[PDB]
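S.K.: I'm passing along input_36.txt; it holds compact mmCIF, C-alpha atoms.
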# COMPACT_ATOMS: atom_id res chain seq x y z
CA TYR A 354 -100.36 52.98 -102.81
CA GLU A 355 -100.03 53.20 -106.60
CA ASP A 356 -101.95 55.27 -109.15
CA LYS A 357 -101.38 54.98 -112.90
CA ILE A 358 -97.16 57.21 -110.07
CA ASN A 359 -96.28 54.66 -107.38
CA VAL A 360 -95.12 55.23 -103.79
CA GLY A 361 -93.76 52.37 -101.68
CA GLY A 362 -93.65 51.98 -97.91
CA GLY A 363 -93.62 49.28 -95.26
CA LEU A 364 -92.60 48.83 -91.63
CA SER A 365 -93.05 46.23 -88.90
CA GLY A 366 -91.40 46.34 -85.48
CA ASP A 367 -91.47 43.85 -82.62
CA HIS A 368 -90.06 44.26 -79.11
CA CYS A 369 -90.21 41.95 -76.11
CA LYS A 370 -88.72 41.89 -72.61
CA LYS A 371 -88.48 39.06 -70.07
CA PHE A 372 -87.43 39.95 -66.52
CA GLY A 373 -87.02 37.67 -63.53
CA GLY A 374 -86.15 37.94 -59.85
CA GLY A 375 -85.92 35.57 -56.89
CA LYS A 376 -84.61 35.76 -53.33
CA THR A 377 -84.48 33.27 -50.46
CA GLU A 378 -83.21 33.66 -46.90
CA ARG A 379 -83.31 31.12 -44.06
CA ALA A 380 -81.96 31.43 -40.52
CA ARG A 381 -81.95 28.80 -37.76
CA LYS A 382 -80.49 29.42 -34.29
CA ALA A 383 -80.73 27.21 -31.20
CA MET A 384 -79.07 27.65 -27.80
CA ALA A 385 -79.47 25.50 -24.69
CA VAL A 386 -77.62 25.70 -21.37
CA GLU A 387 -78.25 23.26 -18.51
CA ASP A 388 -76.41 23.25 -15.18
CA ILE A 389 -77.02 20.81 -12.31
CA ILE A 390 -75.25 21.33 -8.97
CA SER A 391 -76.04 19.25 -5.88
CA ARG A 392 -74.81 20.17 -2.40
CA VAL A 393 -74.98 17.25 0.04
CA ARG A 394 -74.00 17.57 3.70
CA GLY A 395 -74.31 13.84 4.29
CA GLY A 396 -71.10 13.21 6.19
CA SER A 397 -68.98 11.03 3.88
CA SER A 398 -65.55 12.33 2.86
CA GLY A 399 -64.86 10.18 -0.19
CA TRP A 400 -67.82 7.84 -0.53
CA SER A 401 -70.32 10.51 0.50
CA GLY A 402 -68.59 12.95 -1.84
CA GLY A 403 -68.90 10.52 -4.73
CA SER B 148 -46.91 27.30 6.98
CA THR B 149 -47.77 28.12 10.60
CA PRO B 150 -46.53 31.51 11.89
CA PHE B 151 -46.99 30.52 15.55
CA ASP B 152 -46.37 27.62 17.92
CA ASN B 153 -49.22 25.11 17.66
CA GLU B 154 -47.90 22.34 19.94
CA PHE B 155 -48.04 23.99 23.38
CA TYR B 156 -51.09 23.28 25.53
CA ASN B 157 -52.16 25.02 28.72
CA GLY B 158 -53.69 22.50 31.12
CA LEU B 159 -56.01 19.50 31.22
CA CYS B 160 -56.03 17.68 27.88
CA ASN B 161 -59.12 18.57 25.87
CA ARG B 162 -60.39 15.45 24.13
CA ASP B 163 -61.07 15.35 20.38
CA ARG B 164 -62.89 12.01 20.43
CA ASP B 165 -64.17 11.87 16.85
CA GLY B 166 -63.14 10.65 13.42
CA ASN B 167 -63.55 7.78 10.99
CA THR B 168 -61.60 5.20 13.00
CA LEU B 169 -61.33 4.70 16.77
CA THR B 170 -58.46 7.02 17.65
CA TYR B 171 -58.12 9.89 20.12
CA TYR B 172 -56.47 13.15 19.02
CA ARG B 173 -55.46 16.29 20.89
CA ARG B 174 -56.46 19.91 20.28
CA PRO B 175 -53.81 22.56 21.04
CA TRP B 176 -54.60 25.51 23.28
CA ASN B 177 -53.73 27.86 20.40
CA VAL B 178 -56.74 26.56 18.42
CA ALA B 179 -60.20 27.25 19.82
CA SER B 180 -61.79 24.11 18.35
CA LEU B 181 -61.24 21.58 15.56
CA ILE B 182 -64.37 19.79 14.35
CA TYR B 183 -64.34 16.69 12.14
CA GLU B 184 -67.20 17.57 9.78
CA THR B 185 -66.68 15.14 6.89
CA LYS B 186 -68.86 16.90 4.33
CA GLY B 187 -68.63 16.09 0.63
CA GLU B 188 -70.36 17.27 -2.55
CA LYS B 189 -69.81 18.09 -6.22
CA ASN B 190 -71.21 20.18 -9.05
CA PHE B 191 -71.77 19.99 -12.80
CA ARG B 192 -72.75 22.24 -15.69
CA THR B 193 -73.28 22.12 -19.45
CA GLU B 194 -73.39 24.88 -22.06
CA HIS B 195 -74.30 24.68 -25.74
CA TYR B 196 -75.15 27.01 -28.60
What is this file in structure tokens?
M.R.:
Amino acid sequence: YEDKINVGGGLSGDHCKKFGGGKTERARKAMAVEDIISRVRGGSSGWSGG
Amino acid sequence: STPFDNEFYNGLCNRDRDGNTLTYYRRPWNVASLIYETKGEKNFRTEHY
């Protein structure tokens, strides 16, 4: 403002923020157990055993 | 090995008429009986993780 005495003044501020976050987690587990046992009382020592 | 005599026999021969081929074996008096069971088998297994 000025009146004919002058007084001067001026201000201008600017602020800005930019935040970011990201997370990723992946798990994969597999377990398999297979057992096959055959008891044969056929009567063959070697050939029956095979 | 054997801790006792396994050849001596008491009296009348006890026949052991069995086996793959045609042959006659003896069974000693020290042994009660000797069978010829020709059993045979196998086993298998698998594990994974």
S.K.: List every residue of chain B that has an atom at most 10 Å from any atom of chain A, giving for each one its closest atom pair and the distance in Å to one decimal, counting all atoms listed in the file, sorted by chain and then by ascending residue number, as JSON lines.
M.R.:
{"residue": "B:167", "atom": "CA", "partner": "A:397", "partner_atom": "CA", "distance": 9.5}
{"residue": "B:183", "atom": "CA", "partner": "A:396", "partner_atom": "CA", "distance": 9.7}
{"residue": "B:184", "atom": "CA", "partner": "A:396", "partner_atom": "CA", "distance": 6.9}
{"residue": "B:185", "atom": "CA", "partner": "A:396", "partner_atom": "CA", "distance": 4.9}
{"residue": "B:186", "atom": "CA", "partner": "A:396", "partner_atom": "CA", "distance": 4.7}
{"residue": "B:187", "atom": "CA", "partner": "A:402", "partner_atom": "CA", "distance": 4.0}
{"residue": "B:188", "atom": "CA", "partner": "A:402", "partner_atom": "CA", "distance": 4.7}
{"residue": "B:189", "atom": "CA", "partner": "A:391", "partner_atom": "CA", "distance": 6.3}
{"residue": "B:190", "atom": "CA", "partner": "A:390", "partner_atom": "CA", "distance": 4.2}
{"residue": "B:191", "atom": "CA", "partner": "A:389", "partner_atom": "CA", "distance": 5.3}
{"residue": "B:192", "atom": "CA", "partner": "A:388", "partner_atom": "CA", "distance": 3.8}
{"residue": "B:193", "atom": "CA", "partner": "A:387", "partner_atom": "CA", "distance": 5.2}
{"residue": "B:194", "atom": "CA", "partner": "A:386", "partner_atom": "CA", "distance": 4.4}
{"residue": "B:195", "atom": "CA", "partner": "A:385", "partner_atom": "CA", "distance": 5.3}
{"residue": "B:196", "atom": "CA", "partner": "A:384", "partner_atom": "CA", "distance": 4.1}
S.K.: Grab the CA of residue 162 in chain B to CA of residue 180 in chain B distance for me, in Å with one decimal place.
M.R.: 10.5 Å
S.K.: What does the structure give for the distance between CA of residue 175 in chain B and CA of residue 157 in chain B, in Å to one decimal?
M.R.: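 Taking CA of residue 175 in chain B and CA of residue 157 in chain B, their separation equals 8.2 Å.
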S.K.: At a cut-off of 12 Å, using all atoms listed in the file, what residues contact residue 164 in chain B? Leave out same-chain residues fewer than 4 positions from it and give the result as number ranges by chain.
M.R.: B: 160, 168-174, 181-183
S.K.: Provide the CA of residue 166 in chain B to CA of residue 179 in chain B distance in Å, to one decimal place.
M.R.: 18.0 Å
S.K.: Write out N, CA and C atoms for range 366-388 of chain A, as an mmCIF file, keeping the file's coordinate frame.
M.R.:
data_model
loop_
_atom_site.group_PDB
_atom_site.id
_atom_site.type_symbol
_atom_site.label_atom_id
_atom_site.label_comp_id
_atom_site.auth_asym_id
_atom_site.auth_seq_id
_atom_site.Cartn_x
_atom_site.Cartn_y
_atom_site.Cartn_z
ATOM 1 N N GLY A 366 -92.305 46.470 -86.602
ATOM 2 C CA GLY A 366 -91.400 46.340 -85.480
ATOM 3 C C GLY A 366 -91.965 45.411 -84.424
ATOM 4 N N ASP A 367 -91.070 44.758 -83.686
ATOM 5 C CA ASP A 367 -91.470 43.850 -82.620
ATOM 6 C C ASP A 367 -90.442 43.914 -81.500
ATOM 7 N N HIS A 368 -90.914 44.173 -80.283
ATOM 8 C CA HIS A 368 -90.060 44.260 -79.110
ATOM 9 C C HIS A 368 -90.639 43.402 -78.003
ATOM 10 N N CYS A 369 -89.762 42.822 -77.189
ATOM 11 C CA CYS A 369 -90.210 41.950 -76.110
ATOM 12 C C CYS A 369 -89.151 41.940 -75.019
ATOM 13 N N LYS A 370 -89.604 41.918 -73.769
ATOM 14 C CA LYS A 370 -88.720 41.890 -72.610
ATOM 15 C C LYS A 370 -89.168 40.771 -71.680
ATOM 16 N N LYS A 371 -88.201 40.138 -71.017
ATOM 17 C CA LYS A 371 -88.480 39.060 -70.070
ATOM 18 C C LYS A 371 -87.580 39.252 -68.859
ATOM 19 N N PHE A 372 -88.169 39.665 -67.740
ATOM 20 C CA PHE A 372 -87.430 39.950 -66.520
ATOM 21 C C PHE A 372 -87.782 38.921 -65.451
ATOM 22 N N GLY A 373 -86.814 38.636 -64.582
ATOM 23 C CA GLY A 373 -87.020 37.670 -63.530
ATOM 24 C C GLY A 373 -86.220 37.955 -62.271
ATOM 25 N N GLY A 374 -86.824 37.713 -61.109
ATOM 26 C CA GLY A 374 -86.150 37.940 -59.850
ATOM 27 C C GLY A 374 -86.581 36.971 -58.760
ATOM 28 N N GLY A 375 -85.624 36.493 -57.970
ATOM 29 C CA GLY A 375 -85.920 35.570 -56.890
ATOM 30 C C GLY A 375 -84.937 35.660 -55.746
ATOM 31 N N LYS A 376 -85.444 35.662 -54.516
ATOM 32 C CA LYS A 376 -84.610 35.760 -53.330
ATOM 33 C C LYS A 376 -85.106 34.796 -52.268
ATOM 34 N N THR A 377 -84.170 34.223 -51.516
ATOM 35 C CA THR A 377 -84.480 33.270 -50.460
ATOM 36 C C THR A 377 -83.504 33.472 -49.312
ATOM 37 N N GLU A 378 -84.029 33.478 -48.087
ATOM 38 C CA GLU A 378 -83.210 33.660 -46.900
ATOM 39 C C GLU A 378 -83.769 32.800 -45.770
ATOM 40 N N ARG A 379 -82.900 32.017 -45.134
ATOM 41 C CA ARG A 379 -83.310 31.120 -44.060
ATOM 42 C C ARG A 379 -82.298 31.179 -42.930
ATOM 43 N N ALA A 380 -82.791 31.371 -41.708
ATOM 44 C CA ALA A 380 -81.960 31.430 -40.520
ATOM 45 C C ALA A 380 -82.493 30.468 -39.469
ATOM 46 N N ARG A 381 -81.581 29.779 -38.784
ATOM 47 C CA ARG A 381 -81.950 28.800 -37.760
ATOM 48 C C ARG A 381 -80.923 28.869 -36.639
ATOM 49 N N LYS A 382 -81.370 29.254 -35.445
ATOM 50 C CA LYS A 382 -80.490 29.420 -34.290
ATOM 51 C C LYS A 382 -81.103 28.720 -33.089
ATOM 52 N N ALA A 383 -80.289 27.933 -32.387
ATOM 53 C CA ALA A 383 -80.730 27.210 -31.200
ATOM 54 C C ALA A 383 -79.636 27.259 -30.148
ATOM 55 N N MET A 384 -80.017 27.563 -28.908
ATOM 56 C CA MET A 384 -79.070 27.650 -27.800
ATOM 57 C C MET A 384 -79.702 27.067 -26.551
ATOM 58 N N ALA A 385 -78.987 26.155 -25.897
ATOM 59 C CA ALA A 385 -79.470 25.500 -24.690
ATOM 60 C C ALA A 385 -78.336 25.372 -23.689
ATOM 61 N N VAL A 386 -78.596 25.768 -22.446
ATOM 62 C CA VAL A 386 -77.620 25.700 -21.370
ATOM 63 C C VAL A 386 -78.291 25.066 -20.158
ATOM 64 N N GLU A 387 -77.706 23.982 -19.652
ATOM 65 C CA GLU A 387 -78.250 23.260 -18.510
ATOM 66 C C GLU A 387 -77.142 23.007 -17.497
ATOM 67 N N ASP A 388 -77.376 23.414 -16.252
ATOM 68 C CA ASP A 388 -76.410 23.250 -15.180
ATOM 69 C C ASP A 388 -77.093 22.603 -13.983
#
